[PDB]
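Below is entry_29.txt, which holds compact mmCIF, N, CA, C and O atoms and all ligand atoms.
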```txt
# COMPACT_ATOMS: atom_id res chain seq x y z
N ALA V 1 0.86 -1.22 0.00
CA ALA V 1 0.00 0.00 0.00
C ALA V 1 0.88 1.25 0.00
O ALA V 1 2.11 1.15 -0.06
N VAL V 2 0.25 2.42 0.07
CA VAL V 2 0.99 3.67 0.07
C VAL V 2 1.46 4.05 1.47
O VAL V 2 0.69 3.98 2.44
N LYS V 3 2.73 4.42 1.58
CA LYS V 3 3.31 4.84 2.85
C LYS V 3 3.35 6.36 2.88
O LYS V 3 3.83 6.99 1.93
N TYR V 4 2.85 6.95 3.96
CA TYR V 4 2.85 8.40 4.10
C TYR V 4 3.91 8.92 5.05
O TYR V 4 4.20 8.30 6.09
N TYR V 5 4.47 10.07 4.70
CA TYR V 5 5.46 10.73 5.53
C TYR V 5 4.96 12.15 5.75
O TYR V 5 4.50 12.80 4.80
N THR V 6 5.04 12.63 6.98
CA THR V 6 4.61 13.98 7.29
C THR V 6 5.74 14.93 6.91
O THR V 6 6.90 14.51 6.79
N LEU V 7 5.41 16.20 6.74
CA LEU V 7 6.39 17.22 6.39
C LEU V 7 7.49 17.28 7.45
O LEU V 7 8.66 17.50 7.13
N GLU V 8 7.11 17.07 8.71
CA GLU V 8 8.06 17.09 9.82
C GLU V 8 9.12 16.01 9.70
O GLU V 8 10.29 16.23 10.00
N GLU V 9 8.69 14.82 9.29
CA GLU V 9 9.60 13.69 9.14
C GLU V 9 10.50 13.86 7.92
O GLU V 9 11.67 13.50 7.95
N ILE V 10 9.93 14.42 6.86
CA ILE V 10 10.69 14.64 5.63
C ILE V 10 11.81 15.64 5.86
O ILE V 10 12.92 15.46 5.37
N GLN V 11 11.52 16.69 6.62
CA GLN V 11 12.49 17.73 6.92
C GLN V 11 13.76 17.25 7.62
O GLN V 11 14.79 17.92 7.57
N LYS V 12 13.70 16.08 8.26
CA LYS V 12 14.87 15.55 8.95
C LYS V 12 15.89 14.98 7.97
O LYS V 12 17.06 14.80 8.32
N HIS V 13 15.44 14.70 6.76
CA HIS V 13 16.31 14.13 5.73
C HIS V 13 16.80 15.21 4.78
O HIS V 13 16.43 15.27 3.60
N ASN V 14 17.67 16.07 5.31
CA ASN V 14 18.24 17.18 4.57
C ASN V 14 19.75 17.17 4.69
O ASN V 14 20.35 18.24 4.67
N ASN V 15 20.36 16.00 4.83
CA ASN V 15 21.81 15.92 4.97
C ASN V 15 22.44 14.92 4.01
O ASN V 15 21.76 14.28 3.21
N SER V 16 23.76 14.80 4.10
CA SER V 16 24.52 13.89 3.24
C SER V 16 24.16 12.43 3.48
O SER V 16 24.13 11.63 2.55
N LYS V 17 23.91 12.10 4.74
CA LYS V 17 23.56 10.73 5.10
C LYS V 17 22.19 10.36 4.55
O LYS V 17 21.92 9.19 4.29
N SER V 18 21.34 11.36 4.36
CA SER V 18 19.97 11.15 3.87
C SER V 18 19.36 12.38 3.21
O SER V 18 19.12 13.39 3.87
N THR V 19 19.11 12.29 1.91
CA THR V 19 18.52 13.39 1.17
C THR V 19 17.17 13.00 0.59
O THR V 19 17.10 12.14 -0.30
N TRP V 20 16.11 13.61 1.11
CA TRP V 20 14.75 13.36 0.62
C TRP V 20 14.18 14.68 0.15
O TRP V 20 14.51 15.74 0.69
N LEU V 21 13.30 14.62 -0.85
CA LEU V 21 12.63 15.82 -1.31
C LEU V 21 11.27 15.43 -1.87
O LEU V 21 11.02 14.26 -2.18
N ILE V 22 10.40 16.42 -1.97
CA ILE V 22 9.04 16.20 -2.45
C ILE V 22 8.83 16.78 -3.84
O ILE V 22 9.25 17.90 -4.12
N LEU V 23 8.18 16.00 -4.70
CA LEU V 23 7.84 16.44 -6.05
C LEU V 23 6.41 15.96 -6.29
O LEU V 23 6.14 14.76 -6.22
N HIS V 24 5.50 16.89 -6.55
CA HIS V 24 4.11 16.53 -6.80
C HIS V 24 3.52 15.56 -5.78
O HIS V 24 2.95 14.53 -6.15
N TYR V 25 3.66 15.87 -4.49
CA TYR V 25 3.13 15.03 -3.40
C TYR V 25 3.87 13.72 -3.16
O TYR V 25 3.56 12.99 -2.20
N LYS V 26 4.83 13.38 -4.01
CA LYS V 26 5.58 12.14 -3.83
C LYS V 26 6.93 12.39 -3.16
O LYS V 26 7.56 13.42 -3.41
N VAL V 27 7.36 11.46 -2.32
CA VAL V 27 8.62 11.60 -1.60
C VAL V 27 9.72 10.77 -2.26
O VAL V 27 9.54 9.58 -2.51
N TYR V 28 10.85 11.42 -2.54
CA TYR V 28 11.97 10.76 -3.20
C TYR V 28 13.22 10.71 -2.34
O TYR V 28 13.61 11.71 -1.75
N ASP V 29 13.84 9.53 -2.26
CA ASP V 29 15.09 9.39 -1.51
C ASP V 29 16.16 9.45 -2.60
O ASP V 29 16.33 8.50 -3.36
N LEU V 30 16.86 10.58 -2.69
CA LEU V 30 17.88 10.76 -3.71
C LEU V 30 19.30 10.61 -3.19
O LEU V 30 20.25 10.94 -3.89
N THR V 31 19.44 10.10 -1.97
CA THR V 31 20.75 9.95 -1.36
C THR V 31 21.81 9.32 -2.28
O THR V 31 22.91 9.86 -2.42
N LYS V 32 21.48 8.21 -2.91
CA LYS V 32 22.44 7.54 -3.79
C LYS V 32 22.48 8.12 -5.20
O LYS V 32 23.30 7.71 -6.02
N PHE V 33 21.61 9.08 -5.48
CA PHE V 33 21.57 9.69 -6.81
C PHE V 33 22.36 11.00 -6.91
O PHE V 33 22.71 11.45 -8.00
N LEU V 34 22.66 11.60 -5.76
CA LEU V 34 23.39 12.86 -5.70
C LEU V 34 24.59 12.97 -6.63
O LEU V 34 24.72 13.96 -7.36
N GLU V 35 25.46 11.97 -6.62
CA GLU V 35 26.66 12.02 -7.45
C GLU V 35 26.47 11.64 -8.92
O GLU V 35 27.39 11.82 -9.73
N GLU V 36 25.30 11.12 -9.27
CA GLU V 36 25.01 10.72 -10.65
C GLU V 36 24.14 11.74 -11.39
O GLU V 36 24.09 11.76 -12.62
N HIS V 37 23.45 12.57 -10.63
CA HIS V 37 22.57 13.57 -11.21
C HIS V 37 23.31 14.46 -12.20
O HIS V 37 24.30 15.10 -11.87
N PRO V 38 22.83 14.51 -13.46
CA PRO V 38 23.50 15.35 -14.45
C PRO V 38 23.53 16.84 -14.06
O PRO V 38 24.47 17.55 -14.42
N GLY V 39 22.51 17.28 -13.34
CA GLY V 39 22.44 18.68 -12.94
C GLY V 39 23.29 19.02 -11.73
O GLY V 39 23.26 20.16 -11.24
N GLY V 40 24.03 18.04 -11.23
CA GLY V 40 24.88 18.27 -10.08
C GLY V 40 24.26 17.93 -8.75
O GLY V 40 23.05 17.70 -8.65
N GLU V 41 25.08 17.89 -7.71
CA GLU V 41 24.63 17.57 -6.36
C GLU V 41 24.08 18.78 -5.62
O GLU V 41 23.16 18.66 -4.81
N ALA V 42 24.64 19.96 -5.91
CA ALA V 42 24.23 21.18 -5.23
C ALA V 42 22.75 21.53 -5.28
O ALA V 42 22.16 21.84 -4.24
N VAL V 43 22.14 21.49 -6.46
CA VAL V 43 20.73 21.84 -6.57
C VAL V 43 19.83 20.88 -5.79
O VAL V 43 18.73 21.25 -5.39
N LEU V 44 20.30 19.65 -5.59
CA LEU V 44 19.50 18.67 -4.85
C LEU V 44 19.66 18.93 -3.36
O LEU V 44 18.68 19.02 -2.63
N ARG V 45 20.91 19.03 -2.93
CA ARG V 45 21.22 19.29 -1.52
C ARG V 45 20.51 20.53 -0.98
O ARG V 45 20.04 20.55 0.15
N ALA V 46 20.45 21.58 -1.80
CA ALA V 46 19.82 22.84 -1.42
C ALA V 46 18.31 22.73 -1.18
O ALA V 46 17.75 23.48 -0.38
N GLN V 47 17.66 21.80 -1.87
CA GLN V 47 16.21 21.60 -1.73
C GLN V 47 15.86 20.43 -0.82
O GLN V 47 14.69 20.17 -0.56
N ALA V 48 16.88 19.74 -0.32
CA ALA V 48 16.66 18.58 0.54
C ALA V 48 15.74 18.88 1.73
O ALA V 48 15.82 19.96 2.32
N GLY V 49 14.87 17.93 2.05
CA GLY V 49 13.96 18.09 3.18
C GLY V 49 12.72 18.93 2.92
O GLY V 49 11.99 19.27 3.85
N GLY V 50 12.47 19.26 1.66
CA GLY V 50 11.30 20.07 1.35
C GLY V 50 10.71 19.83 -0.03
O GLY V 50 11.10 18.89 -0.73
N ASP V 51 9.76 20.67 -0.41
CA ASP V 51 9.09 20.56 -1.69
C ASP V 51 9.89 21.31 -2.77
O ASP V 51 10.07 22.52 -2.70
N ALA V 52 10.38 20.57 -3.76
CA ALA V 52 11.17 21.17 -4.82
C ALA V 52 10.46 21.08 -6.17
O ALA V 52 11.08 21.24 -7.22
N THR V 53 9.16 20.83 -6.13
CA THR V 53 8.36 20.68 -7.34
C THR V 53 8.53 21.82 -8.36
O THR V 53 8.69 21.56 -9.55
N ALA V 54 8.49 23.06 -7.89
CA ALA V 54 8.61 24.21 -8.79
C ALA V 54 9.98 24.27 -9.48
O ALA V 54 10.07 24.44 -10.70
N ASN V 55 11.04 24.13 -8.68
CA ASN V 55 12.39 24.16 -9.22
C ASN V 55 12.62 23.04 -10.22
O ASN V 55 13.31 23.23 -11.22
N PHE V 56 12.04 21.88 -9.94
CA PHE V 56 12.16 20.71 -10.80
C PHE V 56 11.51 20.99 -12.15
O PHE V 56 12.09 20.73 -13.21
N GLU V 57 10.30 21.52 -12.12
CA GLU V 57 9.56 21.83 -13.33
C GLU V 57 10.14 23.02 -14.10
O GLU V 57 10.06 23.08 -15.33
N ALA V 58 10.70 23.98 -13.36
CA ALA V 58 11.29 25.18 -13.96
C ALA V 58 12.47 24.88 -14.88
O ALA V 58 12.75 25.64 -15.81
N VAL V 59 13.19 23.79 -14.62
CA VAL V 59 14.33 23.43 -15.45
C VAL V 59 13.93 22.62 -16.68
O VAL V 59 14.70 22.52 -17.64
N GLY V 60 12.73 22.05 -16.65
CA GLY V 60 12.23 21.28 -17.78
C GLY V 60 12.87 19.93 -18.07
O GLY V 60 13.47 19.74 -19.13
N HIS V 61 12.74 18.99 -17.14
CA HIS V 61 13.31 17.66 -17.32
C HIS V 61 12.65 16.87 -18.45
O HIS V 61 11.46 17.01 -18.70
N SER V 62 13.45 16.03 -19.10
CA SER V 62 12.97 15.21 -20.21
C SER V 62 12.09 14.07 -19.70
O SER V 62 11.90 13.90 -18.50
N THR V 63 11.56 13.29 -20.64
CA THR V 63 10.73 12.15 -20.31
C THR V 63 11.59 11.07 -19.66
O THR V 63 11.17 10.43 -18.69
N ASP V 64 12.80 10.88 -20.18
CA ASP V 64 13.71 9.89 -19.63
C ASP V 64 14.02 10.20 -18.17
O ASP V 64 14.05 9.30 -17.33
N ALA V 65 14.25 11.48 -17.87
CA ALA V 65 14.55 11.91 -16.51
C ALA V 65 13.36 11.62 -15.60
O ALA V 65 13.53 11.09 -14.49
N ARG V 66 12.17 11.97 -16.06
CA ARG V 66 10.95 11.74 -15.28
C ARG V 66 10.69 10.25 -15.05
O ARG V 66 10.27 9.85 -13.97
N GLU V 67 10.93 9.44 -16.07
CA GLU V 67 10.72 8.00 -15.93
C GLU V 67 11.68 7.47 -14.88
O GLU V 67 11.30 6.69 -14.01
N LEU V 68 12.93 7.91 -14.96
CA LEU V 68 13.94 7.47 -14.01
C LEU V 68 13.60 7.90 -12.59
O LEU V 68 13.82 7.15 -11.64
N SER V 69 13.06 9.10 -12.43
CA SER V 69 12.73 9.61 -11.10
C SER V 69 11.82 8.67 -10.31
O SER V 69 11.91 8.58 -9.08
N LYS V 70 10.95 7.95 -11.01
CA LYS V 70 10.01 7.03 -10.36
C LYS V 70 10.68 5.96 -9.49
O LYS V 70 10.13 5.58 -8.45
N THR V 71 11.85 5.48 -9.90
CA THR V 71 12.54 4.45 -9.13
C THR V 71 12.99 4.93 -7.75
O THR V 71 13.30 4.11 -6.89
N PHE V 72 13.01 6.24 -7.54
CA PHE V 72 13.44 6.78 -6.25
C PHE V 72 12.29 7.09 -5.29
O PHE V 72 12.52 7.57 -4.17
N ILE V 73 11.06 6.82 -5.70
CA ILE V 73 9.90 7.10 -4.84
C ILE V 73 9.83 6.12 -3.67
O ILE V 73 9.94 4.91 -3.86
N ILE V 74 9.67 6.65 -2.45
CA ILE V 74 9.58 5.81 -1.26
C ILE V 74 8.27 5.99 -0.50
O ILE V 74 8.03 5.32 0.52
N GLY V 75 7.41 6.88 -0.98
CA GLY V 75 6.14 7.11 -0.32
C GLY V 75 5.53 8.43 -0.76
O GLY V 75 5.99 9.02 -1.73
N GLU V 76 4.50 8.89 -0.05
CA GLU V 76 3.84 10.14 -0.39
C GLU V 76 3.72 11.06 0.81
O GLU V 76 3.81 10.62 1.96
N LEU V 77 3.50 12.34 0.54
CA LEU V 77 3.33 13.34 1.58
C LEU V 77 1.97 13.09 2.24
O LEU V 77 0.95 12.95 1.56
N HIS V 78 1.95 13.03 3.57
CA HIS V 78 0.70 12.77 4.28
C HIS V 78 -0.35 13.75 3.76
O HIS V 78 -0.08 14.94 3.65
N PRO V 79 -1.55 13.25 3.44
CA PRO V 79 -2.66 14.07 2.93
C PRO V 79 -2.95 15.35 3.70
O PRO V 79 -3.26 16.38 3.10
N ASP V 80 -2.85 15.28 5.02
CA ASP V 80 -3.12 16.45 5.84
C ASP V 80 -2.08 17.56 5.72
O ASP V 80 -2.30 18.68 6.20
N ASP V 81 -0.95 17.26 5.08
CA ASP V 81 0.12 18.24 4.89
C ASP V 81 0.14 18.83 3.49
O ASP V 81 0.94 19.71 3.19
N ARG V 82 -0.74 18.34 2.62
CA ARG V 82 -0.81 18.82 1.24
C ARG V 82 -1.55 20.14 1.14
O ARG V 82 -1.32 20.87 0.14
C1 LIG M 1 13.59 13.44 -9.06
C2 LIG M 1 14.92 13.20 -9.43
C3 LIG M 1 15.55 13.80 -10.51
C4 LIG M 1 16.04 13.11 -11.56
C5 LIG M 1 15.93 11.60 -11.77
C6 LIG M 1 16.78 14.05 -12.38
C7 LIG M 1 17.42 13.70 -13.56
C8 LIG M 1 18.09 14.59 -14.39
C9 LIG M 1 18.60 14.25 -15.73
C10 LIG M 1 18.68 12.85 -16.35
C11 LIG M 1 19.00 15.41 -16.30
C12 LIG M 1 19.56 15.59 -17.72
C13 LIG M 1 18.63 16.31 -18.69
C14 LIG M 1 17.31 15.59 -18.87
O1 LIG M 1 17.32 14.38 -19.18
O2 LIG M 1 16.25 16.23 -18.70
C15 LIG M 1 18.83 16.46 -15.29
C16 LIG M 1 19.27 17.77 -15.44
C17 LIG M 1 19.08 18.78 -14.51
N1 LIG M 1 18.41 18.62 -13.30
FE1 LIG M 1 17.58 17.00 -12.57
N2 LIG M 1 16.77 15.34 -11.83
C18 LIG M 1 16.02 15.19 -10.67
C19 LIG M 1 15.74 16.24 -9.78
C20 LIG M 1 16.14 17.57 -9.97
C21 LIG M 1 15.78 18.66 -9.06
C22 LIG M 1 14.90 18.48 -7.82
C23 LIG M 1 16.39 19.80 -9.53
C24 LIG M 1 16.38 21.11 -9.02
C25 LIG M 1 15.89 21.53 -7.78
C26 LIG M 1 17.10 19.39 -10.73
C27 LIG M 1 17.86 20.25 -11.52
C28 LIG M 1 18.48 19.88 -12.70
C29 LIG M 1 19.23 20.79 -13.51
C30 LIG M 1 19.64 22.23 -13.17
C31 LIG M 1 19.55 20.14 -14.64
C32 LIG M 1 20.16 20.88 -15.83
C33 LIG M 1 21.55 20.47 -16.27
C34 LIG M 1 22.10 21.41 -17.34
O3 LIG M 1 21.30 21.90 -18.15
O4 LIG M 1 23.33 21.64 -17.35
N3 LIG M 1 16.92 18.02 -11.00
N4 LIG M 1 18.20 15.96 -14.15
```

Could I get this file's structure written as structure tokens?
Ligand code: HEM
Amino acid sequence: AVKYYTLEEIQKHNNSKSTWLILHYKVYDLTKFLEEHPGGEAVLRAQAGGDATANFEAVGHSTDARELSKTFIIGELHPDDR
């Protein structure tokens, strides 16, 4: 089933040991992706622990990038925090 994470819990994952971010209500664990991301590690680290949906869409990722992003989904933002 779907696992929910509250905004409070997501905010704790804003470091090198654990980098999580929110995109369109979905939670992504990008910890192991930081060094492979074509756009660099900095833009990810800076948005860690929060909603980066706007910044993500503002750069205009390709279909391949979006398809790949799905493999990093670990749950969704708790409904009451949306
Ligand atoms: C959800 C995980 C994400 C994946 C899997 C991902 C994947 C990629 C890939 C494959 C590219 C290469 C171009 C393309 O195929 O569109 C790219 C470029 C880029 N990404 Fe991401 N990205 C993710 C999240 C983000 C986020 C959250 C930001 C910003 C807050 C970001 C900023 C960038 C930037 C700036 C580039 C541009 C590189 C350039 O033009 O030199 N990405 N990303």

task = From the DSSP assignment of the backbone, select every residue of stretch 4-82 of chain V that is alpha helix (DSSP H), and format the answer as a ChimeraX atom specification.
result = /V:7-10,42-47,53-59,63-69

Output N, CA, C and O atoms for every residue in that selection, as a short mmCIF file (atom, residue, chain, number, x, y, z; two decimals), in the frame of the given file.
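Saved as part-v8.cif:
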```cif
data_model
loop_
_atom_site.label_atom_id
_atom_site.label_comp_id
_atom_site.auth_asym_id
_atom_site.auth_seq_id
_atom_site.Cartn_x
_atom_site.Cartn_y
_atom_site.Cartn_z
N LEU V 7 5.41 16.20 6.74
CA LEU V 7 6.39 17.22 6.39
C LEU V 7 7.49 17.28 7.45
O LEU V 7 8.66 17.50 7.13
N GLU V 8 7.11 17.07 8.71
CA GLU V 8 8.06 17.09 9.82
C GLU V 8 9.12 16.01 9.70
O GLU V 8 10.29 16.23 10.00
N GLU V 9 8.69 14.82 9.29
CA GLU V 9 9.60 13.69 9.14
C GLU V 9 10.50 13.86 7.92
O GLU V 9 11.67 13.50 7.95
N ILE V 10 9.93 14.42 6.86
CA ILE V 10 10.69 14.64 5.63
C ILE V 10 11.81 15.64 5.86
O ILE V 10 12.92 15.46 5.37
N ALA V 42 24.64 19.96 -5.91
CA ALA V 42 24.23 21.18 -5.23
C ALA V 42 22.75 21.53 -5.28
O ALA V 42 22.16 21.84 -4.24
N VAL V 43 22.14 21.49 -6.46
CA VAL V 43 20.73 21.84 -6.57
C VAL V 43 19.83 20.88 -5.79
O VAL V 43 18.73 21.25 -5.39
N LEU V 44 20.30 19.65 -5.59
CA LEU V 44 19.50 18.67 -4.85
C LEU V 44 19.66 18.93 -3.36
O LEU V 44 18.68 19.02 -2.63
N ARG V 45 20.91 19.03 -2.93
CA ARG V 45 21.22 19.29 -1.52
C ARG V 45 20.51 20.53 -0.98
O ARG V 45 20.04 20.55 0.15
N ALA V 46 20.45 21.58 -1.80
CA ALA V 46 19.82 22.84 -1.42
C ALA V 46 18.31 22.73 -1.18
O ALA V 46 17.75 23.48 -0.38
N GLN V 47 17.66 21.80 -1.87
CA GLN V 47 16.21 21.60 -1.73
C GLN V 47 15.86 20.43 -0.82
O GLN V 47 14.69 20.17 -0.56
N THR V 53 9.16 20.83 -6.13
CA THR V 53 8.36 20.68 -7.34
C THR V 53 8.53 21.82 -8.36
O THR V 53 8.69 21.56 -9.55
N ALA V 54 8.49 23.06 -7.89
CA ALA V 54 8.61 24.21 -8.79
C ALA V 54 9.98 24.27 -9.48
O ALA V 54 10.07 24.44 -10.70
N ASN V 55 11.04 24.13 -8.68
CA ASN V 55 12.39 24.16 -9.22
C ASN V 55 12.62 23.04 -10.22
O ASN V 55 13.31 23.23 -11.22
N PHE V 56 12.04 21.88 -9.94
CA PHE V 56 12.16 20.71 -10.80
C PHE V 56 11.51 20.99 -12.15
O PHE V 56 12.09 20.73 -13.21
N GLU V 57 10.30 21.52 -12.12
CA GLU V 57 9.56 21.83 -13.33
C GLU V 57 10.14 23.02 -14.10
O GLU V 57 10.06 23.08 -15.33
N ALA V 58 10.70 23.98 -13.36
CA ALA V 58 11.29 25.18 -13.96
C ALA V 58 12.47 24.88 -14.88
O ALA V 58 12.75 25.64 -15.81
N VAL V 59 13.19 23.79 -14.62
CA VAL V 59 14.33 23.43 -15.45
C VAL V 59 13.93 22.62 -16.68
O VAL V 59 14.70 22.52 -17.64
N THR V 63 11.56 13.29 -20.64
CA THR V 63 10.73 12.15 -20.31
C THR V 63 11.59 11.07 -19.66
O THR V 63 11.17 10.43 -18.69
N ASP V 64 12.80 10.88 -20.18
CA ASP V 64 13.71 9.89 -19.63
C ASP V 64 14.02 10.20 -18.17
O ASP V 64 14.05 9.30 -17.33
N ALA V 65 14.25 11.48 -17.87
CA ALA V 65 14.55 11.91 -16.51
C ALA V 65 13.36 11.62 -15.60
O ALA V 65 13.53 11.09 -14.49
N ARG V 66 12.17 11.97 -16.06
CA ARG V 66 10.95 11.74 -15.28
C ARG V 66 10.69 10.25 -15.05
O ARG V 66 10.27 9.85 -13.97
N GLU V 67 10.93 9.44 -16.07
CA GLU V 67 10.72 8.00 -15.93
C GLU V 67 11.68 7.47 -14.88
O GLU V 67 11.30 6.69 -14.01
N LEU V 68 12.93 7.91 -14.96
CA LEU V 68 13.94 7.47 -14.01
C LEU V 68 13.60 7.90 -12.59
O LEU V 68 13.82 7.15 -11.64
N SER V 69 13.06 9.10 -12.43
CA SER V 69 12.73 9.61 -11.10
C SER V 69 11.82 8.67 -10.31
O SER V 69 11.91 8.58 -9.08
#
```

task = Could I get the residue neighbourhood of ligand LIG 1 (chain M) at 8 Å, counting only C-alpha atoms and all ligand atoms, as a PyMOL selection string?
result = chain V and resi 21+23+28+30+33+37-40+43-44+46-47+52-56+59-70+72

Please dump the current selection as a compact mmCIF listing (two decimals), keeping the file's coordinate frame; keep N, CA, C and O atoms.
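Writing the result to selection_9.txt gives the following:
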```txt
# COMPACT_ATOMS: atom_id res chain seq x y z
N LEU V 21 13.30 14.62 -0.85
CA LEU V 21 12.63 15.82 -1.31
C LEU V 21 11.27 15.43 -1.87
O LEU V 21 11.02 14.26 -2.18
N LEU V 23 8.18 16.00 -4.70
CA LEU V 23 7.84 16.44 -6.05
C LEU V 23 6.41 15.96 -6.29
O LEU V 23 6.14 14.76 -6.22
N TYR V 28 10.85 11.42 -2.54
CA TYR V 28 11.97 10.76 -3.20
C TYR V 28 13.22 10.71 -2.34
O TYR V 28 13.61 11.71 -1.75
N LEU V 30 16.86 10.58 -2.69
CA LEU V 30 17.88 10.76 -3.71
C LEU V 30 19.30 10.61 -3.19
O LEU V 30 20.25 10.94 -3.89
N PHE V 33 21.61 9.08 -5.48
CA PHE V 33 21.57 9.69 -6.81
C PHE V 33 22.36 11.00 -6.91
O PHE V 33 22.71 11.45 -8.00
N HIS V 37 23.45 12.57 -10.63
CA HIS V 37 22.57 13.57 -11.21
C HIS V 37 23.31 14.46 -12.20
O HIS V 37 24.30 15.10 -11.87
N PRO V 38 22.83 14.51 -13.46
CA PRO V 38 23.50 15.35 -14.45
C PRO V 38 23.53 16.84 -14.06
O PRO V 38 24.47 17.55 -14.42
N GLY V 39 22.51 17.28 -13.34
CA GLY V 39 22.44 18.68 -12.94
C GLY V 39 23.29 19.02 -11.73
O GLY V 39 23.26 20.16 -11.24
N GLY V 40 24.03 18.04 -11.23
CA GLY V 40 24.88 18.27 -10.08
C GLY V 40 24.26 17.93 -8.75
O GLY V 40 23.05 17.70 -8.65
N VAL V 43 22.14 21.49 -6.46
CA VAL V 43 20.73 21.84 -6.57
C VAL V 43 19.83 20.88 -5.79
O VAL V 43 18.73 21.25 -5.39
N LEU V 44 20.30 19.65 -5.59
CA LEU V 44 19.50 18.67 -4.85
C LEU V 44 19.66 18.93 -3.36
O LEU V 44 18.68 19.02 -2.63
N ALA V 46 20.45 21.58 -1.80
CA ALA V 46 19.82 22.84 -1.42
C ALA V 46 18.31 22.73 -1.18
O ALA V 46 17.75 23.48 -0.38
N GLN V 47 17.66 21.80 -1.87
CA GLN V 47 16.21 21.60 -1.73
C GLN V 47 15.86 20.43 -0.82
O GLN V 47 14.69 20.17 -0.56
N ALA V 52 10.38 20.57 -3.76
CA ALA V 52 11.17 21.17 -4.82
C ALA V 52 10.46 21.08 -6.17
O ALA V 52 11.08 21.24 -7.22
N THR V 53 9.16 20.83 -6.13
CA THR V 53 8.36 20.68 -7.34
C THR V 53 8.53 21.82 -8.36
O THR V 53 8.69 21.56 -9.55
N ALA V 54 8.49 23.06 -7.89
CA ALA V 54 8.61 24.21 -8.79
C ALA V 54 9.98 24.27 -9.48
O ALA V 54 10.07 24.44 -10.70
N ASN V 55 11.04 24.13 -8.68
CA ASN V 55 12.39 24.16 -9.22
C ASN V 55 12.62 23.04 -10.22
O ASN V 55 13.31 23.23 -11.22
N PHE V 56 12.04 21.88 -9.94
CA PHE V 56 12.16 20.71 -10.80
C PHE V 56 11.51 20.99 -12.15
O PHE V 56 12.09 20.73 -13.21
N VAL V 59 13.19 23.79 -14.62
CA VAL V 59 14.33 23.43 -15.45
C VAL V 59 13.93 22.62 -16.68
O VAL V 59 14.70 22.52 -17.64
N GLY V 60 12.73 22.05 -16.65
CA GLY V 60 12.23 21.28 -17.78
C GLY V 60 12.87 19.93 -18.07
O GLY V 60 13.47 19.74 -19.13
N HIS V 61 12.74 18.99 -17.14
CA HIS V 61 13.31 17.66 -17.32
C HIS V 61 12.65 16.87 -18.45
O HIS V 61 11.46 17.01 -18.70
N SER V 62 13.45 16.03 -19.10
CA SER V 62 12.97 15.21 -20.21
C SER V 62 12.09 14.07 -19.70
O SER V 62 11.90 13.90 -18.50
N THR V 63 11.56 13.29 -20.64
CA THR V 63 10.73 12.15 -20.31
C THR V 63 11.59 11.07 -19.66
O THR V 63 11.17 10.43 -18.69
N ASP V 64 12.80 10.88 -20.18
CA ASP V 64 13.71 9.89 -19.63
C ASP V 64 14.02 10.20 -18.17
O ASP V 64 14.05 9.30 -17.33
N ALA V 65 14.25 11.48 -17.87
CA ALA V 65 14.55 11.91 -16.51
C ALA V 65 13.36 11.62 -15.60
O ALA V 65 13.53 11.09 -14.49
N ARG V 66 12.17 11.97 -16.06
CA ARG V 66 10.95 11.74 -15.28
C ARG V 66 10.69 10.25 -15.05
O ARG V 66 10.27 9.85 -13.97
N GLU V 67 10.93 9.44 -16.07
CA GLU V 67 10.72 8.00 -15.93
C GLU V 67 11.68 7.47 -14.88
O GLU V 67 11.30 6.69 -14.01
N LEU V 68 12.93 7.91 -14.96
CA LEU V 68 13.94 7.47 -14.01
C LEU V 68 13.60 7.90 -12.59
O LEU V 68 13.82 7.15 -11.64
N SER V 69 13.06 9.10 -12.43
CA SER V 69 12.73 9.61 -11.10
C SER V 69 11.82 8.67 -10.31
O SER V 69 11.91 8.58 -9.08
N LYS V 70 10.95 7.95 -11.01
CA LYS V 70 10.01 7.03 -10.36
C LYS V 70 10.68 5.96 -9.49
O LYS V 70 10.13 5.58 -8.45
N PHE V 72 13.01 6.24 -7.54
CA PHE V 72 13.44 6.78 -6.25
C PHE V 72 12.29 7.09 -5.29
O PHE V 72 12.52 7.57 -4.17
```

request  = Would you mind listing what lies within 7 Å of residue V:2 as a ChimeraX atom specification, with only N, CA, C and O atoms counted and same-chain residues fewer than 5 positions away left out?
outcome  = /V:74-76

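Put simply, atom CA of residue V:82 is 23.5 Å away from atom CA of residue V:31.
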
message = What's around residue V:10 at 6 Å? Count all atoms listed in the file, leave out sequence neighbours fewer than 2 positions away in its own chain, and write the answer as a ChimeraX atom specification.
response = /V:5-8,12-14,20,48-50

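For the atom pair formed by atom C of residue V:45 and atom C of residue V:81, the distance is 20.9 Å, given to one decimal.
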
task = as a VMD selection string, please: all residues of chain V that backbone DSSP puts in strand (DSSP E or B).
result = chain V and resid 4 to 5 14 19 to 23 26 to 29 51 73 to 77

Around all the atoms of stretch 44-55 of chain V listed in the file, draw an axis-aligned box and extend it by 4 Å on each of the six sides; I want its centre and edge lengths in Å to one decimal, as lines of an AutoDock Vina configuration file.
```
center_x = 14.8
center_y = 21.2
center_z = -3.7
size_x = 20.9
size_y = 14.5
size_z = 23.1
```

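Coordinates place atom CA of residue V:11 at a distance of 13.1 Å from atom CA of residue V:78.
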
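For the set V:27, V:34, V:58, V:42, the residue with the smallest atom-to-atom gap to residue V:3 is V:27, counting all atoms listed in the file.
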
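Among the candidates V:71, V:79, V:16, V:4, the residue lying nearest to residue V:32 is V:16 (atoms considered: all atoms listed in the file).
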